[PDB]
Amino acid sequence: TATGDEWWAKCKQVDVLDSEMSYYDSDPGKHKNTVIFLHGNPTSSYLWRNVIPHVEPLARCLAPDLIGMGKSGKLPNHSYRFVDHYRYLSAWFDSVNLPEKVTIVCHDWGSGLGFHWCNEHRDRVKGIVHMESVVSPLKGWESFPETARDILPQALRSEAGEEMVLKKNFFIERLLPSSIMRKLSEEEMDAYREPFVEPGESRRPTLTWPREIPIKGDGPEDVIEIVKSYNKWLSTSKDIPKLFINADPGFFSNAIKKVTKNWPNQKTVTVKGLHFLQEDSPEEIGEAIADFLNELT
């Protein structure tokens, strides 16, 4: 199912600041119940292709490609830091005729952006669904999941990051399949490869993202402070219904379950998967989001 071109034929484009962003939108401009799906690294809105159909009968579903990723525009200055993504994503939020409140569904760096957007736009949030998410700064390279303890310091956050990612597409060719339980069809793999076909700066988003991970003591301090701030808000957010979709065995999920154990007003459902759990349990994730929306209403 689902070529890259079939998925992106369903998506529209919108000008955003000095560039353009691609996004899925099941109901352009409608102010009915609305859900926004945010992917992370190194994926795109394609990641949600099998989840969204379970939610669409209840809600307008939007799923943007983050700037520099999917079919969204590439930036000539190739500056793809968290604050740069948040600039373009915030403008996108203001450009797609959203209703007064929305539910955010987010994954990985999509949750970093989504949690931050929510923290800055608190009266626009009717619920948050998060999975394999960025819920806290990390204490050190020790609190990272075991399969990546060495991958993140050495290599990507090093001088060697450029050659592994920009030249040999390490995040797409190695990391992505390494945290999916099944093996992707080459159709699905080509859909993930398409935004980063050309070697060089086109792949810079997949290298800047691991360099943004908030490691206390290392940095970056600006992301560390963004994450601490929205963690503080989330941990006392009694009025914001939350659904944590726990991946078993997961990647970040074990650590997230601990960070969020006492978060008020958070329900947990568990599904099978590693980090990219949408590729192993999209049906269960979609039906859990559908249940969550019905509880909100």
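Numbering starts at 1 and runs along the sequence shown.
Using only the Cα atoms and their B-factors as the entry lists them, report which of 158 to 166 and 98 to 106 averages higher. Per the PDB record, 158 to 166.
Would you determine, from the values in the PDB entry, which of 181 to 189 and 117 to 125 has the greater average C-alpha temperature factor? Taking the mean C-alpha B-factor of 117 to 125 and of 181 to 189, the larger value falls to 181 to 189.
Just the C-alpha B-factor column, please: which of 227, 131, 148, 175 has the biggest number? Top of the list by C-alpha B-factor: 148.
Could you say which of 248, 56, 27, 65 has its CA atom at the highest B factor, as listed in the PDB entry? It is 27.
Record-listed C-alpha B factor of residue 274: chain third: CA B-factor rank for residue 274: lowest third.
Comparing residue 89 with the other modelled residues of its chain, is its CA B-factor in the lowest, middle or highest third? Ranked within chain, residue 89 CA B lands in the lowest tercile.
What third of the chain does residue 285 rank in for C-alpha temperature factor, lowest, middle or highest? Its C-alpha B-factor belongs to the lowest third of this chain's values.
Chain thirds of CA B-factor: placement of residue 111: For residue 111, the deposited C-alpha B-factor lands in the lowest third.
Third of the chain, ranked by Cα B-factor, where residue 43 sits: For residue 43, whose C-alpha B-factor we compare with every modelled residue in the chain, the answer is the lowest third.
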